[PDB]
Structure formats: C-alpha cells, structure tokens
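Notes for the one structure printed next.
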Amino acid sequence: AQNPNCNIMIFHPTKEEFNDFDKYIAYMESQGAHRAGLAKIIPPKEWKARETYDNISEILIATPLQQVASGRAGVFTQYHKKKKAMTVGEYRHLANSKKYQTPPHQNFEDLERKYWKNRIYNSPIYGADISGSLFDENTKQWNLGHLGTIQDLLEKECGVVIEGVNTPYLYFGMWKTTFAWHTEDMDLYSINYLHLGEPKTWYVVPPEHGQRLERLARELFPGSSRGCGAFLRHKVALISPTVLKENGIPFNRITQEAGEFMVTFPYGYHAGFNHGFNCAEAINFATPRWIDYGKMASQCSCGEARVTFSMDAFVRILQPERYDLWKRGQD
Ligand SMILES: O=C(O)CNC(=O)C(=O)O
Ligand SMILES: [Mg+2]
Ligand code: NI
Ligand SMILES: [Zn+2]
C-alpha cells in the first residue's frame, strides 16, 4: 500500500504532465497521496495563472465576515458577523493596518505558535466565498474555472443527468482568518490555488481516521453534538494541534505559499489559517473514486449548514433515503 503513514505528499509536475488534470489526480492517488487527505502541487515553472494581479483592487467583497471566537485557545468556535461591503483595495489596507497586520515573527513555526496562543483574542475579517475567478481565460492548464463539472462526472459514471452548476470561489484573507474543521460538501474533493500574498497553513486528518476526529469533536463540543448529528458541517469548530496530539488524533500540517495548489481528498477533514493578506481561489470537483464517498457522506439536517443549489441533486440521486429529511433542513 502506497503512503501507509498518510503523509502529505508534494508534487512537481512537468509542463507536459500539467496538461491532463484528471490523469494527474489519478497519478497522485496511485502514489498514495489521498491517504493524507491533502496534497500540495507546485506548478511547472513555465506556468502562470495570469499575467499580473495589478488590477484586482476593484473586486467587491459584498459581505466581509468578522470571525468572533468563543471558548479556550485550543478549543473554540467562531461565528461570522456580517460587515459592510468593501473593495479588495479597502480590505487590503485594513489587513495591513496596525490592528490587523501580521506580528513580527521569526519563521512559520513561531507564527503558528502565536496563532494558537492568541487567535481567540482577536476577530479578523475574512472575505470568503465570493463567486468568481482570477485565472486568465487563456490559461489552459489547471484553470479552476475550466474544470469538468461534478454534474458531468455523475452523468458519465452513473448515467443520470442532473441540474446544477459548479463554479469557483475567491477568498481574501488576513492574519488569523480561520477555516474551521470540515470536509467538503458531499465529501467532494477541493482544489485551492493561492494566487497572491501571504501563506496559508493547513491541518488535515487522513480520511481513514476521520471518525476519530468526529468522536473527539462530539466530546469537545457536547451541546453542538446534541443539536446536530453532523455539526462539523456548520464549519465553526476549531481544535488546535496540541489538543489533537493530547487526544491521539492522527493529523498532518503544511504551509501553502503563493503560486501553489492544494488538493483536499474525499472525507479529508481540514482546518487552517492565513498568515497575512492573501487571495485564494477554490472549487469542488469529483472523480470516479468520489462516488462512494458521496453516497456515504453525512449530512446536517438541523438547518444550520444551508448549502448550494447543486447539492440538492447530489443528495437526491446518491442518498434518496435521506433526501426528504435533508430537504426539510434546507427549507
Ligand atoms: O481557503 C480557505 O479559507 C478554505 N478553503 C478550503 O476549505 C478548501 O479549499 O477546501
Ligand atoms: Mg479590480
Ligand atoms: Ni475545504
Ligand atoms: Zn446541523
């Protein structure tokens, strides 16, 4: 069995190997990459996502989210308070202000220590989940707006034709902005490209051990667990590496830098934080190997997780018993 310790693998495709996205994903899995839950892909040196970022300040962040924490430094939840709209130029200036900017630090490790010590005492503002793309239309390789759609994958594998669309999302981050522990909707893959700015640190639990993280989360967030049988779908809970290590939960960590892709694999729980002002683009995708994960994915029916239009069909076709109850949650 390849990668039996479930280490995060790093790939360096050549420009030739960068042509066929599906084939490269399947290659990485042949090497055991999925066992980690997360892989890094460094593009060939010849590739570029677009020519310059010199003209992005006019993108609007219609609903910036202030991420307010509750709990203790290593075990906390965050709620998202909606803020007034601002442009990316306005948000970048805010990120760089004395109140929000990255503190002085020695290296990524020192910064990680400072994040876990101090995150809860601040409320950074995240421009998350903005429909759009920063890939040039002329970028033909690994262009996250030109991927094969999940609807088409389901049609190709299973013969069924369904409504829905699959588009990318932009994320504008600042120091301490946080993504809580989650898997993707319907335990899909994700791919994330860091277009510019400061790094993003990721934590990940191997898919084969995801249920160990779930059991810990039920113990650490006991009221949330009674409220919902899949409350990590709410995307609000944080657990630090120190707490994971104290509880024996297998995990890995890695830092993504500008110019690099990350892939998350079906049922790979992940969480993380941004080092400073940055912009990422991400989208969900599927392969044939996902279908069985999609059939088994948990679902939030308490009503909190409230998701996209396109998830309806995935539930309807892959999980027809749950359909009914899950849709009561969404309506
Ligand atoms: O970048 C972020 O804030 C969160 N991204 C993801 O969870 C992802 O790409 O799957
Ligand atoms: Mg602009
Ligand atoms: Ni994710
Ligand atoms: Zn729920």
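How things are named: the first chain in the structure tokens is A, the next is B, and so on; residues count from 1 in each chain; ligands count from 1 in the order shown.
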Compile a residue-level contact table for region 99-186 of chain A against region 272-287 of chain A at a cut-off of 6 Å, reporting for every qualifying residue the shortest atom pair and its distance in Å to one decimal, with only C-alpha atoms counted, rows ordered by chain and ascending number, as JSON lines.
{"residue": "A:102", "atom": "CA", "partner": "A:276", "partner_atom": "CA", "distance": 5.6}
{"residue": "A:150", "atom": "CA", "partner": "A:286", "partner_atom": "CA", "distance": 5.5}
{"residue": "A:168", "atom": "CA", "partner": "A:283", "partner_atom": "CA", "distance": 4.7}
{"residue": "A:169", "atom": "CA", "partner": "A:282", "partner_atom": "CA", "distance": 5.4}
{"residue": "A:170", "atom": "CA", "partner": "A:281", "partner_atom": "CA", "distance": 4.5}
{"residue": "A:171", "atom": "CA", "partner": "A:280", "partner_atom": "CA", "distance": 5.0}
{"residue": "A:172", "atom": "CA", "partner": "A:279", "partner_atom": "CA", "distance": 4.5}
{"residue": "A:173", "atom": "CA", "partner": "A:278", "partner_atom": "CA", "distance": 5.1}
{"residue": "A:174", "atom": "CA", "partner": "A:277", "partner_atom": "CA", "distance": 4.2}
{"residue": "A:175", "atom": "CA", "partner": "A:276", "partner_atom": "CA", "distance": 4.0}
{"residue": "A:176", "atom": "CA", "partner": "A:274", "partner_atom": "CA", "distance": 5.7}
{"residue": "A:177", "atom": "CA", "partner": "A:274", "partner_atom": "CA", "distance": 5.5}
{"residue": "A:178", "atom": "CA", "partner": "A:273", "partner_atom": "CA", "distance": 4.4}
{"residue": "A:179", "atom": "CA", "partner": "A:272", "partner_atom": "CA", "distance": 5.3}
Could the residues in this selection be written to a file with N, CA, C and O atoms, as a PDB file, in the first residue's frame?
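Resulting contents of result-v5.pdb:
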ATOM      1  N   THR A 102      -0.061  41.148  10.446  1.00  0.00           N
ATOM      2  CA  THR A 102       0.777  40.048  10.971  1.00  0.00           C
ATOM      3  C   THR A 102       1.800  40.603  11.968  1.00  0.00           C
ATOM      4  O   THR A 102       2.478  41.596  11.601  1.00  0.00           O
ATOM      5  N   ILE A 150     -18.905  18.522 -11.723  1.00  0.00           N
ATOM      6  CA  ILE A 150     -19.323  17.370 -10.915  1.00  0.00           C
ATOM      7  C   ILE A 150     -20.569  16.728 -11.490  1.00  0.00           C
ATOM      8  O   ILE A 150     -20.735  15.536 -11.471  1.00  0.00           O
ATOM      9  N   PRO A 168     -16.035  28.501  -9.349  1.00  0.00           N
ATOM     10  CA  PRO A 168     -15.078  28.739  -8.308  1.00  0.00           C
ATOM     11  C   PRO A 168     -15.430  29.834  -7.352  1.00  0.00           C
ATOM     12  O   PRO A 168     -16.319  30.723  -7.718  1.00  0.00           O
ATOM     13  N   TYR A 169     -14.752  29.925  -6.259  1.00  0.00           N
ATOM     14  CA  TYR A 169     -14.901  30.935  -5.250  1.00  0.00           C
ATOM     15  C   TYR A 169     -13.573  31.545  -4.840  1.00  0.00           C
ATOM     16  O   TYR A 169     -12.552  30.826  -4.713  1.00  0.00           O
ATOM     17  N   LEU A 170     -13.599  32.840  -4.627  1.00  0.00           N
ATOM     18  CA  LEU A 170     -12.438  33.604  -4.128  1.00  0.00           C
ATOM     19  C   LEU A 170     -12.520  33.803  -2.627  1.00  0.00           C
ATOM     20  O   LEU A 170     -13.631  33.961  -2.071  1.00  0.00           O
ATOM     21  N   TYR A 171     -11.345  33.812  -2.004  1.00  0.00           N
ATOM     22  CA  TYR A 171     -11.156  34.001  -0.562  1.00  0.00           C
ATOM     23  C   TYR A 171     -10.127  35.031  -0.375  1.00  0.00           C
ATOM     24  O   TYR A 171      -8.977  34.745  -0.608  1.00  0.00           O
ATOM     25  N   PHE A 172     -10.455  36.168   0.249  1.00  0.00           N
ATOM     26  CA  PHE A 172      -9.480  37.179   0.626  1.00  0.00           C
ATOM     27  C   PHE A 172      -9.292  37.074   2.117  1.00  0.00           C
ATOM     28  O   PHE A 172     -10.247  37.175   2.832  1.00  0.00           O
ATOM     29  N   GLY A 173      -8.032  36.834   2.567  1.00  0.00           N
ATOM     30  CA  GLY A 173      -7.688  36.584   3.958  1.00  0.00           C
ATOM     31  C   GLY A 173      -6.803  37.674   4.518  1.00  0.00           C
ATOM     32  O   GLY A 173      -6.214  38.434   3.801  1.00  0.00           O
ATOM     33  N   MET A 174      -6.712  37.623   5.849  1.00  0.00           N
ATOM     34  CA  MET A 174      -5.776  38.479   6.605  1.00  0.00           C
ATOM     35  C   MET A 174      -5.237  37.628   7.709  1.00  0.00           C
ATOM     36  O   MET A 174      -5.637  36.484   7.973  1.00  0.00           O
ATOM     37  N   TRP A 175      -4.236  38.133   8.465  1.00  0.00           N
ATOM     38  CA  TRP A 175      -3.730  37.471   9.625  1.00  0.00           C
ATOM     39  C   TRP A 175      -4.859  36.973  10.521  1.00  0.00           C
ATOM     40  O   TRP A 175      -5.755  37.686  10.840  1.00  0.00           O
ATOM     41  N   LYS A 176      -4.703  35.698  10.925  1.00  0.00           N
ATOM     42  CA  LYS A 176      -5.661  34.999  11.827  1.00  0.00           C
ATOM     43  C   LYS A 176      -6.963  34.594  11.212  1.00  0.00           C
ATOM     44  O   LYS A 176      -7.728  33.848  11.892  1.00  0.00           O
ATOM     45  N   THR A 177      -7.282  34.974   9.985  1.00  0.00           N
ATOM     46  CA  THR A 177      -8.522  34.451   9.395  1.00  0.00           C
ATOM     47  C   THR A 177      -8.381  32.962   9.332  1.00  0.00           C
ATOM     48  O   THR A 177      -7.333  32.383   9.043  1.00  0.00           O
ATOM     49  N   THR A 178      -9.481  32.283   9.632  1.00  0.00           N
ATOM     50  CA  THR A 178      -9.536  30.883  10.004  1.00  0.00           C
ATOM     51  C   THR A 178     -10.570  30.105   9.237  1.00  0.00           C
ATOM     52  O   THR A 178     -11.702  30.562   9.082  1.00  0.00           O
ATOM     53  N   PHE A 179     -10.204  28.919   8.782  1.00  0.00           N
ATOM     54  CA  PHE A 179     -11.178  27.968   8.259  1.00  0.00           C
ATOM     55  C   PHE A 179     -11.283  26.820   9.266  1.00  0.00           C
ATOM     56  O   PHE A 179     -10.298  26.192   9.661  1.00  0.00           O
TER      57      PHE A 179
END
Exercise. Collect all residues with atoms no farther than 8 Å from ligand 2, counting only C-alpha atoms and all ligand atoms, and output them as a PyMOL selection string.
Key: chain A and resi 55-59+88
Quiz item: Residues within 9 Å of ligand 4 (only C-alpha atoms and all ligand atoms), as a PyMOL selection string?
Solution: chain A and resi 224-225+227-234+299-306+329
Same residues, N, CA and C atoms, saved as a tab-separated table (two decimals), in the first residue's frame:
chain	number	residue	atom	x	y	z
A	224	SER	N	-23.25	21.19	20.90
A	224	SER	CA	-23.36	21.25	19.40
A	224	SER	C	-23.66	19.85	18.89
A	225	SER	N	-23.06	18.83	19.45
A	225	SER	CA	-23.24	17.47	19.05
A	225	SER	C	-24.68	17.02	19.29
A	227	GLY	N	-27.27	18.93	19.27
A	227	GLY	CA	-28.06	19.69	18.33
A	227	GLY	C	-28.11	19.17	16.93
A	228	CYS	N	-27.02	18.49	16.52
A	228	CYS	CA	-26.89	18.07	15.12
A	228	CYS	C	-25.96	16.88	15.03
A	229	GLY	N	-26.37	15.86	14.27
A	229	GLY	CA	-25.58	14.65	14.13
A	229	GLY	C	-24.39	14.81	13.19
A	230	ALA	N	-24.29	15.98	12.56
A	230	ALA	CA	-23.14	16.29	11.66
A	230	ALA	C	-22.76	17.75	11.78
A	231	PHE	N	-22.58	18.18	13.05
A	231	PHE	CA	-22.34	19.59	13.28
A	231	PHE	C	-21.01	20.22	12.76
A	232	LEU	N	-20.06	19.31	12.41
A	232	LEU	CA	-18.88	19.86	11.72
A	232	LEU	C	-19.19	20.46	10.33
A	233	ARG	N	-20.34	20.05	9.79
A	233	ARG	CA	-20.91	20.69	8.55
A	233	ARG	C	-21.21	22.13	8.76
A	234	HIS	N	-21.33	22.62	10.03
A	234	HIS	CA	-21.54	24.01	10.24
A	234	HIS	C	-20.37	24.88	10.04
A	299	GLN	N	-24.87	14.22	6.57
A	299	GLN	CA	-25.48	15.41	6.33
A	299	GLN	C	-26.05	16.10	7.57
A	300	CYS	N	-25.97	17.40	7.52
A	300	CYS	CA	-26.65	18.32	8.51
A	300	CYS	C	-28.14	18.39	7.96
A	301	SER	N	-29.04	17.98	8.77
A	301	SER	CA	-30.49	18.30	8.58
A	301	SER	C	-31.08	19.28	9.66
A	302	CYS	N	-30.26	19.78	10.67
A	302	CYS	CA	-30.74	20.72	11.71
A	302	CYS	C	-31.06	22.02	11.12
A	303	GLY	N	-30.54	22.29	9.94
A	303	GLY	CA	-30.86	23.51	9.26
A	303	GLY	C	-29.76	24.50	9.23
A	304	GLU	N	-28.72	24.30	10.06
A	304	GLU	CA	-27.70	25.32	10.13
A	304	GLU	C	-26.83	25.33	8.88
A	305	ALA	N	-26.47	24.16	8.31
A	305	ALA	CA	-25.37	24.17	7.29
A	305	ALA	C	-25.76	24.82	5.94
A	306	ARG	N	-27.03	24.80	5.61
A	306	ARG	CA	-27.57	25.59	4.45
A	306	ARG	C	-26.52	25.83	3.31
A	329	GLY	N	-34.49	20.31	6.27
A	329	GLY	CA	-33.41	21.16	6.79
A	329	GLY	C	-33.11	22.37	5.92
Compile the contact shell of region 74-77 of chain A as a PDB file with N, CA and C atoms, in the first residue's frame: residues with an atom at most 9 Å away, counting only C-alpha atoms, same-chain residues fewer than 4 positions apart removed.
ATOM      1  N   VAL A  68     -15.594  35.924  15.080  1.00  0.00           N
ATOM      2  CA  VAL A  68     -15.562  36.133  16.508  1.00  0.00           C
ATOM      3  C   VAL A  68     -15.470  34.812  17.207  1.00  0.00           C
ATOM      4  N   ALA A  69     -14.483  34.599  18.077  1.00  0.00           N
ATOM      5  CA  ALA A  69     -14.270  33.301  18.728  1.00  0.00           C
ATOM      6  C   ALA A  69     -14.873  33.223  20.117  1.00  0.00           C
ATOM      7  N   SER A  70     -15.202  32.018  20.552  1.00  0.00           N
ATOM      8  CA  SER A  70     -15.653  31.729  21.941  1.00  0.00           C
ATOM      9  C   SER A  70     -15.044  30.471  22.368  1.00  0.00           C
ATOM     10  N   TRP A 116      -2.056  30.029  17.639  1.00  0.00           N
ATOM     11  CA  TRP A 116      -2.789  29.224  18.586  1.00  0.00           C
ATOM     12  C   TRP A 116      -2.839  29.826  19.964  1.00  0.00           C
ATOM     13  N   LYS A 117      -1.830  30.601  20.352  1.00  0.00           N
ATOM     14  CA  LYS A 117      -1.899  31.262  21.643  1.00  0.00           C
ATOM     15  C   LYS A 117      -2.918  32.345  21.664  1.00  0.00           C
ATOM     16  N   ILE A 120      -7.956  33.544  19.695  1.00  0.00           N
ATOM     17  CA  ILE A 120      -9.279  33.806  20.284  1.00  0.00           C
ATOM     18  C   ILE A 120      -9.485  35.264  20.742  1.00  0.00           C
ATOM     19  N   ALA A 180     -12.515  26.562   9.737  1.00  0.00           N
ATOM     20  CA  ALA A 180     -12.791  25.606  10.732  1.00  0.00           C
ATOM     21  C   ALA A 180     -12.695  24.164  10.206  1.00  0.00           C
ATOM     22  N   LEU A 220     -15.699  17.419  22.698  1.00  0.00           N
ATOM     23  CA  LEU A 220     -15.279  18.790  22.960  1.00  0.00           C
ATOM     24  C   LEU A 220     -16.326  19.845  22.781  1.00  0.00           C
ATOM     25  N   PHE A 221     -17.348  19.534  21.991  1.00  0.00           N
ATOM     26  CA  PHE A 221     -18.426  20.449  21.691  1.00  0.00           C
ATOM     27  C   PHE A 221     -19.757  19.695  21.965  1.00  0.00           C
ATOM     28  N   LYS A 235     -19.150  24.235  10.046  1.00  0.00           N
ATOM     29  CA  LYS A 235     -17.911  24.934   9.805  1.00  0.00           C
ATOM     30  C   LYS A 235     -17.619  26.043  10.770  1.00  0.00           C
ATOM     31  N   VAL A 236     -17.708  25.712  12.051  1.00  0.00           N
ATOM     32  CA  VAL A 236     -17.489  26.629  13.166  1.00  0.00           C
ATOM     33  C   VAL A 236     -16.509  26.142  14.211  1.00  0.00           C
ATOM     34  N   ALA A 237     -16.045  24.921  14.220  1.00  0.00           N
ATOM     35  CA  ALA A 237     -15.270  24.405  15.331  1.00  0.00           C
ATOM     36  C   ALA A 237     -13.811  24.327  15.034  1.00  0.00           C
ATOM     37  N   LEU A 238     -13.024  24.794  15.966  1.00  0.00           N
ATOM     38  CA  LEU A 238     -11.556  24.721  15.916  1.00  0.00           C
ATOM     39  C   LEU A 238     -10.978  23.918  17.024  1.00  0.00           C
ATOM     40  N   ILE A 239      -9.996  23.100  16.740  1.00  0.00           N
ATOM     41  CA  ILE A 239      -9.265  22.281  17.696  1.00  0.00           C
ATOM     42  C   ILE A 239      -7.809  22.375  17.339  1.00  0.00           C
ATOM     43  N   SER A 240      -6.946  22.727  18.272  1.00  0.00           N
ATOM     44  CA  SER A 240      -5.527  23.004  17.968  1.00  0.00           C
ATOM     45  C   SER A 240      -4.729  21.765  17.778  1.00  0.00           C
ATOM     46  N   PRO A 241      -3.552  21.874  17.146  1.00  0.00           N
ATOM     47  CA  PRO A 241      -2.693  20.679  17.048  1.00  0.00           C
ATOM     48  C   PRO A 241      -2.311  20.104  18.405  1.00  0.00           C
ATOM     49  N   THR A 242      -2.085  20.945  19.383  1.00  0.00           N
ATOM     50  CA  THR A 242      -1.741  20.449  20.707  1.00  0.00           C
ATOM     51  C   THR A 242      -2.859  19.585  21.257  1.00  0.00           C
ATOM     52  N   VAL A 243      -4.120  20.034  21.125  1.00  0.00           N
ATOM     53  CA  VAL A 243      -5.229  19.247  21.616  1.00  0.00           C
ATOM     54  C   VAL A 243      -5.411  17.974  20.837  1.00  0.00           C
TER      55      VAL A 243
END
Quiz item: So which residues of region 35-271 of chain A fall under strand (DSSP E) by DSSP, listed as a PyMOL selection string?
Solution: chain A and resi 38-41+60-61+65-72+75-82+86-87+125-131+169-173+178-182+189-197+200-205+237-239+252-256+261-264+269-271
Helix (DSSP H, G or I) residues, from DSSP on the backbone, in region 80-175 of chain A, as a short mmCIF file (atom, residue, chain, number, x, y, z; two decimals) with N, CA, C and O atoms, in the first residue's frame:
data_model
loop_
_atom_site.label_atom_id
_atom_site.label_comp_id
_atom_site.auth_asym_id
_atom_site.auth_seq_id
_atom_site.Cartn_x
_atom_site.Cartn_y
_atom_site.Cartn_z
N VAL A 88 -11.61 45.09 -2.49
CA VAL A 88 -10.39 44.36 -2.17
C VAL A 88 -9.34 45.42 -1.83
O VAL A 88 -8.53 45.15 -0.88
N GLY A 89 -9.33 46.59 -2.42
CA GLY A 89 -8.29 47.62 -2.07
C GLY A 89 -8.56 48.08 -0.67
O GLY A 89 -7.53 48.22 0.14
N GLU A 90 -9.77 48.28 -0.21
CA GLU A 90 -10.08 48.69 1.08
C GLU A 90 -9.70 47.56 2.07
O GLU A 90 -9.16 47.80 3.20
N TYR A 91 -10.04 46.33 1.75
CA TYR A 91 -9.76 45.18 2.61
C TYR A 91 -8.25 44.99 2.73
O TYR A 91 -7.78 44.69 3.91
N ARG A 92 -7.46 45.09 1.71
CA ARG A 92 -6.02 45.01 1.82
C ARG A 92 -5.44 46.09 2.76
O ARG A 92 -4.60 45.79 3.64
N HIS A 93 -5.95 47.30 2.65
CA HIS A 93 -5.46 48.34 3.55
C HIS A 93 -5.84 48.01 4.98
O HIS A 93 -5.04 48.20 5.94
N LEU A 94 -7.01 47.48 5.27
CA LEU A 94 -7.40 47.06 6.57
C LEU A 94 -6.52 45.93 7.08
O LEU A 94 -6.07 45.94 8.24
N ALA A 95 -6.25 44.93 6.27
CA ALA A 95 -5.38 43.82 6.65
C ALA A 95 -3.98 44.31 7.10
O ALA A 95 -3.39 43.69 7.97
N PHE A 108 7.71 30.47 10.16
CA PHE A 108 6.32 29.98 10.15
C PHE A 108 6.01 29.31 11.49
O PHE A 108 4.83 29.37 11.92
N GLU A 109 6.90 28.58 12.10
CA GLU A 109 6.65 27.94 13.38
C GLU A 109 6.31 28.91 14.50
O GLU A 109 5.40 28.68 15.31
N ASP A 110 7.05 30.01 14.58
CA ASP A 110 6.79 31.00 15.60
C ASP A 110 5.39 31.64 15.34
O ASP A 110 4.66 31.87 16.31
N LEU A 111 5.09 31.90 14.09
CA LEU A 111 3.82 32.44 13.76
C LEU A 111 2.68 31.46 14.10
O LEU A 111 1.64 31.93 14.61
N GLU A 112 2.85 30.17 13.87
CA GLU A 112 1.89 29.19 14.24
C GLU A 112 1.64 29.17 15.75
O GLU A 112 0.50 29.09 16.25
N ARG A 113 2.73 29.28 16.54
CA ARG A 113 2.60 29.35 17.97
C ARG A 113 1.79 30.57 18.37
O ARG A 113 0.91 30.49 19.24
N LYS A 114 2.07 31.71 17.79
CA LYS A 114 1.37 32.91 18.09
C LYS A 114 -0.13 32.82 17.70
O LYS A 114 -1.01 33.26 18.45
N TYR A 115 -0.39 32.18 16.55
CA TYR A 115 -1.81 31.96 16.16
C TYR A 115 -2.57 31.18 17.23
O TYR A 115 -3.61 31.66 17.67
N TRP A 116 -2.06 30.03 17.64
CA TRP A 116 -2.79 29.22 18.59
C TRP A 116 -2.84 29.83 19.96
O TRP A 116 -3.83 29.59 20.68
N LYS A 117 -1.83 30.60 20.35
CA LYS A 117 -1.90 31.26 21.64
C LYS A 117 -2.92 32.35 21.66
O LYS A 117 -3.59 32.55 22.69
N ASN A 118 -3.01 33.13 20.61
CA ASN A 118 -3.71 34.38 20.60
C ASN A 118 -4.91 34.56 19.70
O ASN A 118 -5.55 35.60 19.81
N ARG A 119 -5.21 33.57 18.88
CA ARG A 119 -6.32 33.74 17.93
C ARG A 119 -7.61 34.20 18.59
O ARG A 119 -8.32 35.03 18.05
N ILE A 120 -7.96 33.54 19.70
CA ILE A 120 -9.28 33.81 20.28
C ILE A 120 -9.49 35.26 20.74
O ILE A 120 -10.64 35.70 20.86
N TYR A 121 -8.39 35.98 20.95
CA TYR A 121 -8.46 37.31 21.48
C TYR A 121 -8.65 38.39 20.45
O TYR A 121 -8.68 39.59 20.73
N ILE A 150 -18.91 18.52 -11.72
CA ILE A 150 -19.32 17.37 -10.91
C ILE A 150 -20.57 16.73 -11.49
O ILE A 150 -20.74 15.54 -11.47
N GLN A 151 -21.44 17.56 -12.08
CA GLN A 151 -22.65 17.02 -12.75
C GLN A 151 -22.28 16.17 -13.92
O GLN A 151 -22.86 15.10 -14.13
N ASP A 152 -21.26 16.57 -14.69
CA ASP A 152 -20.84 15.78 -15.79
C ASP A 152 -20.18 14.48 -15.32
O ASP A 152 -20.29 13.45 -15.97
N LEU A 153 -19.40 14.58 -14.22
CA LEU A 153 -18.80 13.33 -13.67
C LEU A 153 -19.91 12.34 -13.25
O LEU A 153 -19.81 11.19 -13.62
N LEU A 154 -20.89 12.87 -12.51
CA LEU A 154 -22.00 11.97 -12.10
C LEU A 154 -22.70 11.40 -13.30
O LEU A 154 -23.08 10.19 -13.32
N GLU A 155 -22.88 12.15 -14.41
CA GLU A 155 -23.51 11.66 -15.59
C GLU A 155 -22.67 10.62 -16.30
O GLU A 155 -23.13 9.49 -16.74
N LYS A 156 -21.38 10.83 -16.45
CA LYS A 156 -20.50 9.90 -17.01
C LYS A 156 -20.41 8.59 -16.20
O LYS A 156 -20.27 7.53 -16.88
N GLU A 157 -20.39 8.66 -14.89
CA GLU A 157 -20.21 7.42 -14.10
C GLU A 157 -21.51 6.71 -13.94
O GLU A 157 -21.47 5.43 -13.92
N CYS A 158 -22.60 7.40 -13.79
CA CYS A 158 -23.85 6.79 -13.31
C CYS A 158 -24.99 6.89 -14.35
O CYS A 158 -26.08 6.33 -14.06
#
Please report as a tab-separated table every residue of chain A lying within 8 Å of ligand 3, along with the nearest atom pair and their distance in Å (one decimal), using only C-alpha atoms and all ligand atoms.
residue	atom	partner	partner_atom_place_in_ligand_line	distance
A:179	CA	ligand 3	1 (Ni)	7.8
A:182	CA	ligand 3	1 (Ni)	6.4
A:183	CA	ligand 3	1 (Ni)	6.0
A:184	CA	ligand 3	1 (Ni)	5.4
A:190	CA	ligand 3	1 (Ni)	6.3
A:264	CA	ligand 3	1 (Ni)	7.1
A:269	CA	ligand 3	1 (Ni)	8.0
A:270	CA	ligand 3	1 (Ni)	6.5
A:271	CA	ligand 3	1 (Ni)	7.6
9 Å contact set for residue 187 (chain A), only C-alpha atoms, chain neighbours under 2 positions out, as a short mmCIF file (atom, residue, chain, number, x, y, z; two decimals) with C-alpha atoms, in the first residue's frame:
data_model
loop_
_atom_site.label_atom_id
_atom_site.label_comp_id
_atom_site.auth_asym_id
_atom_site.auth_seq_id
_atom_site.Cartn_x
_atom_site.Cartn_y
_atom_site.Cartn_z
CA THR A 183 -14.86 18.05 4.93
CA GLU A 184 -16.28 19.31 1.65
CA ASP A 185 -19.97 19.24 0.79
CA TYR A 189 -12.55 16.92 -3.43
CA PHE A 265 -9.44 14.47 -0.92
CA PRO A 266 -12.84 12.98 -0.13
CA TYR A 267 -13.51 12.87 3.58
CA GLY A 268 -10.19 14.63 4.44
CA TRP A 290 -15.53 10.08 -5.06
CA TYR A 293 -17.83 8.83 -0.57
CA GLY A 294 -20.70 10.89 -1.84
CA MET A 296 -21.89 7.78 2.44
CA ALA A 297 -21.45 11.49 3.28
CA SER A 298 -23.07 12.77 6.41
#
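Nearest-residue note for residue 31 (chain A): choosing from A:71, A:4, A:320, A:64, the minimum distance belongs to A:4, counting only C-alpha atoms.
With distances restricted to only C-alpha atoms and all ligand atoms, A:128 is the closest residue to ligand 1 from A:254, A:216, A:128, A:204.
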